[PDB]
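# Per-entry structural report
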There are 2 protein chains.
Amino acid sequence: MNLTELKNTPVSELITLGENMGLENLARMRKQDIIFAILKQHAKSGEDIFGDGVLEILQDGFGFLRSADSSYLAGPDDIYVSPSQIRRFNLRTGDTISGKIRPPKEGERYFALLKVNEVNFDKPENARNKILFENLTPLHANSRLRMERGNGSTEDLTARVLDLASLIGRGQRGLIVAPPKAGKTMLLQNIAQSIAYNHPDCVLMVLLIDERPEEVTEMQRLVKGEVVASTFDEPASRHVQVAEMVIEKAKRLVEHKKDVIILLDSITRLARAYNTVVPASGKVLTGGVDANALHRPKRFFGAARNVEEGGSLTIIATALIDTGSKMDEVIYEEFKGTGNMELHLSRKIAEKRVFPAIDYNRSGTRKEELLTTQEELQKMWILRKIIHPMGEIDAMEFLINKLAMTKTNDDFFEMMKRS
Amino acid sequence: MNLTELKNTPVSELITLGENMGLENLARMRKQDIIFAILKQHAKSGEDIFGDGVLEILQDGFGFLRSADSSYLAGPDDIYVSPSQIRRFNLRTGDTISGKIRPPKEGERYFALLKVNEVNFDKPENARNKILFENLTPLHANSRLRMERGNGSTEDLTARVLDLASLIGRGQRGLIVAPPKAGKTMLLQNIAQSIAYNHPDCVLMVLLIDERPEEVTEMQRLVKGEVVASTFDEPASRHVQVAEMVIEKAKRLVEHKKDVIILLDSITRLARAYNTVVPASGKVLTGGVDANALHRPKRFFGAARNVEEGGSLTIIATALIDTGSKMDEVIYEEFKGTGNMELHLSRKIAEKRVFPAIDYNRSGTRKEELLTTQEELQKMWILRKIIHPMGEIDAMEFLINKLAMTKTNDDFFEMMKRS
Ligand SMILES: Nc1ncnc2c1ncn2[C@@H]1O[C@H](COP(=O)(O)OP(=O)(O)OP(O)(O)=S)[C@@H](O)[C@H]1O
Ligand SMILES: Nc1ncnc2c1ncn2[C@@H]1O[C@H](COP(=O)(O)OP(=O)(O)OP(O)(O)=S)[C@@H](O)[C@H]1O
Ligand SMILES: [Mg+2]
Ligand SMILES: [Mg+2]
C-alpha cells in the first residue's frame, strides 16, 4: 500500500474509493485534497502504509518530501521529515526517500516519517558514505550516446541527422539554439524517444519551464522517463523551485554512479525566472538583466560533467533566439561559450517546411575524437567537407534525400563513399 | 602535519583518516569542511601544526591566507591573519607565508598563525627589505626563452613553428589572437610543457577564466607548474579576485629576482568580468562596455617587464575574435598596441585540419634583435621573405612539410639554405 498508485490514477479512482470507503462528498476539490481525504480515511482504519518521494530541506531543517508524479506542487500530500531524521540519516535535498509513513497527531496535518527503508534506491546505511557531486573530478565525454533508433521508421530520420550533425555522449553539455517555430519540441520528443529506445539503462528526465499545458500533456503521455513541467500560470518562484529540485535530484542520482540525462526547455525561460526572482544587486547589464541574476542558471548548466569515479550527468538545454527581445539575445550571448555541443536550428529552413531544420555548418561538437571511433570520424569529416560549400537549405535537402535513399548511417556512408 | 599536505590528498582519503580519528559521518559534506574537521581534531591532540599559502588583505586589514591547490577559494580552512603581525612584518597582498598556525578560540572560526617561519621562501628579516615592483625600471626582452623541446616528439613541430613565428623572451607582453575552435588551449598547453622542460628554473603560472571544468581538470593534470582556474559557474567577483591574487603573487615573486610566467586564457573573459563587476561611470562604449572597466585588465597586462635589478615577469594572454559579440572586438582593438608579441591563429587553416593553425605572415615579434643572434635572425628573415607571397594555408602546409623531414631548427635552416 503506497501513495503512488493512489496518485497517478484518474477520477475513476476518486469515484471508486468514494463508493467503497464511504466518504461524504468528493469530486469538489483538487487531487491533493482528494488524496488527503483518502489517506486520512485509510489511516483511520489503522492498516500499515508507506510512502516515497524526493526529500527537500527548508531554511531551518523543516524537512519536506515532495512527489514527482504531482510535478512537485506544494500541497497537503507533502510528507513531513523531522530534523532529527535529517541529522540521523544525513540526508540533503534531492534524496529519493521511501519507507514507513505515520498518520499525524493533533496539532499537525502532515504525515511524518516512521522509518526509511530505501534511500536513493539503495540501503540507507550505504547512502551516507557517498562522495559529493562537487568533490568529483570532471572529465570529457568518453562513451558515445548514439541516437539512431534503428527501427527503420520515418521519424528516426531526424535522429539519424543528429548522429551526423553533432555527436552526443555521456556527460555532454549541449545547447539547441533555435528561433520560434523551428521544431524544438519535436526535436526534444525524438531525442527522448532515442534515449528511451537505445539506452534504457540511463535515467531520462525532462524539465519544462513556462510551457503551455497542452504541450505538457503531450510531453508526459509520450516519453518513457518521468517528466516534470511547470506552466506559465505558476509564478517564477515555482520555476526556480522546480529547477532546483530537478538539479539536486540529478546530482543525488549521479552520486551513485548513475547516468542522468536532463532535457531543458528552455534555459532562456529559467534565466528569466531567476532574473525576476533574485533581488537586484545594483548592477544591471544590457537588456535589463542583473549581473548576479545569471549566476544561478549557469550553475544549473554547469553541473554537466563526466565523473571519473562513475556515472555522468548530461544536460541538453534549448535556447531561444530571434524572439524580438534583447534580453533573450543577452542571455544567449552570456551562455554562448559555456556548452561543449551546439545544435543550431534556422527558421529559413523551417519556412520551407523541411524538417528537421538544422543549420548543419553552424551546429557541431568539440573534440568528438574521445567520443567516436576514427574511421567514421573521417567519414563525417569528408561528409562535412563536401556539404560545406552549398547553402544550408540545399544542404538539408541533399542530406534528407540521401538519407531517405539509404537505410542506416553505415549504409549512408557506404553509398556516399562508393558514389 | 601540513594543511597543504591534507589539501593535496584526494577526496576519498577523508574516510581513511576520519574513521580512524573520530569522525562518524564525514563523507557527506564539502571537502574543505572535512579538512577543517580533521585539522580541528588534530589540534585537539596538541601537536604543533604547520601552515602555508598566499596572503590576502581585505578592506580593513582583516587578513586571510588561501591555498593554491584550492584555487584561492574562500573556505573554512583559510588561515586568519590579524593586522598586528601585518603591521609588524609589513606584509602585503600576494606574500607567500609559511609557519606555525593556531587552533581557533571561542568566537573565532578561522585558524590564526602563531609565528611565521618563512616569507616568500626567504627569511622574514631578509624579505623585509625588498624593492617595489612599481619602482623597478622596465626594459625590453633580453634573455631568449627558447620553446624548441628538442626531443623530436610528435607535437614538437608546434613548438618549432612557434619559435620560427614569434620569438619569446623573458619579461615579454604577448597576445594570442584566435577565433573559436582554433587550438588556443593546447597551444598554451604545449607552451607550458616547453617552459617546464627547457626552463625548470622560472616559475610557471597558468590562469584560466570561466573555463569549463573538464578543461580545468585536463590543465591541472597536464602542466607541471601550479595552475589556477575559476569556472564559469562562479560569479565575476570570483574571477576578479583570482586574477588579482595571481598578479599580486607574481609581483611578489618577481620582487625577489625570480622569473615568473603567466599564461592567461583569456584576457577577453577577464575584461568581461571586470566590465560586469565595476560600477558604471556614465560613459559606455560601443557594445555595452564601460570605459574605465578596461582600466583594471590593462594593468594586469601592464605588469610584463624586464627589470634592471633582476627577475622577469612574462605574460602570454589570449584574446578571442570572430565570436559575434561586439564587446569582444571592442576589447580587441582596445588591446592591439599594448602587446609587444603577436601570435595570430586563423580559422581557415583550422578548417583544413592543418595544425598548429598559425597566421605566420600576420604574427611576429617587435624588437627581436635584442633576443636573438644575427645569423639565425638573418635565416628567419630569409624564411619570411620566401614565405610572404603565398597564402596562410599554403604557408603552414609548406612549413609543416619542410619541418617534418628535418630534426631541429638549425637542421631546417641548413636544409632550406642548401636549396
Ligand atoms: N520532424 C518533424 N516532422 C514533421 N513535422 C515537423 C518535424 N519537426 C517539426 N515539425 C513541424 O514544425 C512545426 C512546429 O513544431 P514545434 O516543435 O511544435 O515548434 P516549436 O519548435 O516547439 O516552436 P514553438 O513551440 O511553436 S515557439 C509543426 O508544424 C510540426 O509539424
Ligand atoms: N596540434 C594539433 N594536433 C592535432 N589536433 C589539433 C592540434 N591543434 C588543434 N587540434 C584540434 O583542433 C581542435 C582545437 O581544440 P581546442 O584547443 O580545445 O580549441 P580551443 O582553442 O580551446 O577553442 P575552444 O576552447 O574549443 S572555443 C581540437 O579538435 C583538436 O583536436
Ligand atoms: Mg514548443
Ligand atoms: Mg579551450
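Residues numbered from 1 in each chain as written, not as in the entry; some residues may be left out. Chains lettered and ligands numbered in written order. Part of a larger assembly, values for the part shown. Heavy atoms only, no water.

The record lists cryo-EM as the method behind this PDB entry and 3.0 Å as its resolution.

What follows is about the overall build of chain A. Looking only at helices and strands, chain A features 15 helices and 14 strands. Taking 22 Å as the expected radius of gyration for a compact globule of 419 residues, we find that chain A reaches 24 Å, a close match to that expectation. Dimensions of chain A, computed from C-alpha atoms along their principal axes, come out at roughly 80 × 50 × 45 Å. Counting only residues that meet the buried cut, chain A has 56% of its 419 residues in that class. Carbon and sulfur atoms make up 52% of the accessible area of chain A, which amounts to about 18,800 Å² in all. (Helix = DSSP H or I, 4+ residues; strand = E, 2+ residues; numbered from the N terminus. Rg over C-alpha atoms; globule rule 2.2 N^0.38 Å. Buried < 20%, exposed > 50% of the residue type's maximum accessible area, 1.4 Å probe, protein only. Areas by Shrake-Rupley, 256 points an atom, 1.4 Å probe, with all protein chains shown as cover.)

What follows concerns the sheet that holds strand 4 (residues 96–102) of chain A. Residue and element names in this part refer to chain A. Sheet architecture is open: five strands sit in the order 3-2-1-4-5, paired in antiparallel fashion. Looking at which strands have only one partner, the edges of the open sheet turn out to be strand 3 (79–81) and strand 5 (112–119). Adjacent strand axes in the sheet meet at a mean angle of 45°, parallel and antiparallel pairs treated alike. Here strand 1 (residues 50–56) runs beside strand 2 (residues 63–66); their pairing, made up of three bridges, is antiparallel. The residue of strand 2 that forms the bridge with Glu56 is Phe64. Strands in contact with helix 8 (residues 236–254) are strand 1, strand 2 and strand 4; relative to strand 1, the strand with the most contacts, it is inclined by about 105°. (Pairing = 2+ DSSP bridges. Axes fitted to C-alpha atoms, helices over the stretch in contact; angles between N-to-C directions. Contact = heavy atoms within 4.5 Å.)

Here we take up the interface of chain B and chain A. Contacts between chain B and chain A engage 30 residues on the former and 38 residues on the latter. For the chain B and chain A pair, buried surface summed over both sides reaches about 3,100 Å², with 48% attributable to carbon and sulfur atoms. At the surface where chain B touches chain A, the tally comes to six salt bridges. The leading source of residues in the side of chain B that touches chain A is helix 8 (residues 213–222) of chain B, at six residues. Split into classes, the residues belonging to the side of chain B that touches chain A amount to 10 nonpolar, seven polar and 13 charged. (Buried area = accessible area lost by both parts, 1.4 Å probe. Salt bridge = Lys/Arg side-chain N within 4 Å of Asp/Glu carboxyl O. Nonpolar A, V, L, I, M, F, W, Y, C, P; charged D, E, K, R; others polar.)

With that settled, the discussion passes to the pattern of salt bridges. Residue and element names in this part refer to chain A. Taken as a whole and judged by the stated rule, the model has 44 salt bridges over all chains. The salt bridge partner of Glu56 is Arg66, with a shortest N-O separation of 3.7 Å. Taken together, the residues span a long stretch of sequence, with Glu56 in strand 1 and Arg66 in strand 2 at a distance of 10 residues. On the basis of relative accessible area, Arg66 is assigned to the buried category, the value being 6%. For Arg144, the salt bridge identified is with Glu376, shortest N-O distance 3.4 Å. One end of the pair, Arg144, is in the loop between strand 6 (138–139) and helix 5 (156–165); the other, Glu376, is in helix 13 (residues 375–387), with 232 residues separating them in the sequence.

As a further point, take the environment of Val277(A). Residue and element names in this part refer to chain A. The residue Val277 is located in helix 9 (residues 267–277) in this model. Take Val277: its relative accessible area is 36%, and that puts it in the partly exposed class. When the C-alpha atoms of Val277 and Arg221 are compared, they prove to be 31 Å apart, with 56 residues separating the residues in sequence.

Here we take up the packing of aromatic side chains. Residues and elements named next belong to chain A. Here the structure, examined in full by the defined rule, presents 11 aromatic pairs over all chains. Judged by centre distance (5.9 Å) and plane angle (70°), the ring pair of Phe301 and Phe335 falls under edge-to-face. Pair noted here: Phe301 is in helix 10 (residues 295–302) and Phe335 is in the loop between helix 11 (326–334) and strand 13 (341–344), with a separation of 34 residues, a long-range link. As far as burial versus exposure is concerned, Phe301 and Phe335 are alike and both buried. Both rings, one in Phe412 and one in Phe413, keep their centres 5.8 Å apart while their planes meet at 55°; by these two values the pair is tilted. Judged by relative accessible area, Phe412 falls into the buried class, the value being 1%. One aromatic cluster is present, formed by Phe62, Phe64, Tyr80 and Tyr110 through successive ring pairs. Over the ring of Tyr360 we find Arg384, and its NZ or CZ is 4.8 Å from the ring centre. (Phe/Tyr/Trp six-rings, centres within 6.5 Å; stacked < 30°, edge-to-face > 60°. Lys NZ or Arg CZ within 6 Å of the ring centre and 35° of its normal.)

Turning next to the site of ligand 1. Residues and elements named next belong to chain A. In the vicinity of ligand 1, the residues found are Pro180, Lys181, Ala182, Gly183, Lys184, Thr185, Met186, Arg212 and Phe355. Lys184 is positioned such that a nitrogen or oxygen atom in its backbone is 2.4 Å from an oxygen atom of ligand 1. Relative to its unbound accessible surface of 650 Å², ligand 1 loses 63% to contact with the protein. Among the residues forming the shell around ligand 1, the class breakdown is four nonpolar, two polar and three charged. (Near = heavy atom within 4 Å. Polar contact = N/O pair within 3.5 Å; in protein donor to acceptor, adjacent residues only side chain to side chain.)

Let's shift gears to the side chain of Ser166(B). All names here are of chain B. Note on placement: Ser166 falls in the loop between helix 6 (156–165) and strand 6 (173–178). Under the relative-accessibility criterion, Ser166 is labelled buried at 1%. Apart from the residues lying within four places of it in its own chain, the contact partners of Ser166 are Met341, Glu342, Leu343, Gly364 and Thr365.

In this structure's numbering, the residues bearing the UniProt feature "domain: Rho RNA-BD" are residues 48–123 of chain A. Between the first and last C-alpha atoms of residues 48–123 of chain A the distance is 21 Å; the span itself is 9% helix and 38% strand. (UniProt positions renumbered as here; feature names shortened; annotations may be inferred.)

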